[PDB]
């Protein structure tokens, strides 16, 4: 099966906005497909392979537009499939899951350019840093095909459904997370600050400008959610809202367990929910990627697991931005049954 998509460069206006906020970061973008999904240029080298990647009936995918509850979901899905063996789950999440599209953010051609975004390149633990860069050079497809058949493959991706094998849900199970885009925006802003992707001179309004305009990584945001929403009633797709994890963690866990063919005891569900307690999780070395800070690539006062709250976007949007966001959500939810819990 051939790759049915053409890519396109950003036009002058789009390129101006993006550069003004992300120009310092080495990697550039291109829009892919008819919906114009923003992908880091390096994604193109593995695009056809991903679209045609061989799937296995045992594969399990945790998909979502970034910062929507992926990490939490991965931990839950992993423990449940592995009979709540919390002990075995103490290994790095990055070793337990393959980040299908994680590679695209790195361009080997510009290797020398990446350390220049760091306040102090000199403090880097080079062995580990170069180690990271090498891993990031490996296309997702290869990482997946590498896993032996007698080992259950856990996949993490932020890729929209239209870029992966169509009908994939006929073979694999997927848990897709969606979150209020406004909160997603604030979390993505900080995430961007965490890894030095955003220009230090840019602020949140700038980021929000790129975001709702479909000029940030893997956006248009709504097209992304919509594809998954449409596959909501499929037996192998479990569409969940990040907000529900907060309002009723126990309840979400039951749904995930059932979706995976497991019946947990009220006690087991309780044990899992406690394990997912924000403070405890935020301090869980296996999932917070704090070891990245010892390597030297994380910014001061930023963490992968941040605040873990819903609705905090009100502390970042001014009157104008607020209305602009309302109109935007309004327009994209018009003539669809998609609705957010907290909205």
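Positions refer to the first chain, counted from 1.
- Mean C-alpha B-factor is higher over 266-274 than over the other stretch, the pair under comparison being 266-274 and 218-226.
- The stretch with the higher mean CA B factor, choosing between 110-118 and 183-191, is 110-118.
- Going by the entry's values, 89 shows the largest Cα B-factor out of 178, 98, 72, 89.
- When the modelled residues of the chain are ordered by C-alpha B-factor, residue 24 sits in the lowest third.
- In the PDB entry, a CA B factor belonging to the lowest third of its chain's modelled residues is recorded for residue 102.
- Among the modelled residues of its chain, residue 131 has a C-alpha B-factor that falls in the lowest third according to the deposited record.
- Sorting the modelled residues of the chain by their CA temperature factor places residue 237 in the lowest third.
- Compared with the other modelled residues of the chain, the Cα B-factor recorded for residue 85 ranks in the highest third.
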